[PDB]
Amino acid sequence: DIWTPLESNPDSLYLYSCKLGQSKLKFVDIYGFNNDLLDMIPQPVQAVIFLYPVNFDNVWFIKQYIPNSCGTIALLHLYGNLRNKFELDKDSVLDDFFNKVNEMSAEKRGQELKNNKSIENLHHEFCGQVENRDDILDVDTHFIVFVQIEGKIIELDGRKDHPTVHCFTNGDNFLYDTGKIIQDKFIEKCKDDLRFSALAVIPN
């Protein structure tokens, strides 16, 4: 059924995360992928959220079935894979969710998301105002996330059949290596579309 898309807004996403049971991470705008601009992002970068025009035993994955829920799927992919480094609040919406769906397939997890009314309600507390029907019915932008897991950069998109493993990284190269990927695999492919957005996930 029909959800309102989330805006790539650092404040909203942080408040949404707190309310889900994660207050230890925050979001920061990326102005560009050149070293000059990446240098200003505080370290350690834990993930990159990216909005753009539309053997993994160790990674947490969820399939997307609700077309405009992709922003929420990104936050699940983010916190589900940072669960060890940044633990969720006990008895929170996400603590409950992650425990419930831990032995489920990515498909079945995705379908438990459809039934989770707490999450749908919170998504729509923090999705940011729309003006017209097209804001909700005509969505041309995808919302995905890049994480580092066992020293590799992993792209998480619930519309795909599996996580996408990109490359190796170690130390604080993550942001810079993720930038190369983004520029090469996504931005370069798009001529004359400017509608891209990126956020760095850093400790709060």
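Numbering starts at 1 and runs along the sequence shown.
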For this session: Using none, 1 to 3, 4 to 9 or 10 or more, say how many deposited residues go missing between residue 54 and residue 55.
Result: 10 or more
Exercise. On average, which has the higher Cα B-factor in the deposited entry, 85-93 or 70-78?
Worked result: 85-93
For this session: State which stretch shows the higher mean Cα B factor in the entry: 163-171 or 57-65.
Result: 163-171
For this session: Please place residue 33 in the lowest, middle or highest third of its chain by C-alpha B factor as given in the entry.
Result: highest
For this session: Looking at the entry's B-factor column for C-alpha atoms only, identify whether residue 150 ranks in the lowest, middle or highest third of its chain.
Result: middle
For this session: Report the third (lowest, middle or highest) to which the CA temperature factor of residue 144 belongs, ranking only the modelled residues of the same chain.
Result: lowest
Problem set entry | Chain thirds of CA B-factor: placement of residue 99 | middle
Seminar exercise, completed: Quick tally, chain-level thirds of C-alpha B-factors: residue 156 sits in the lowest
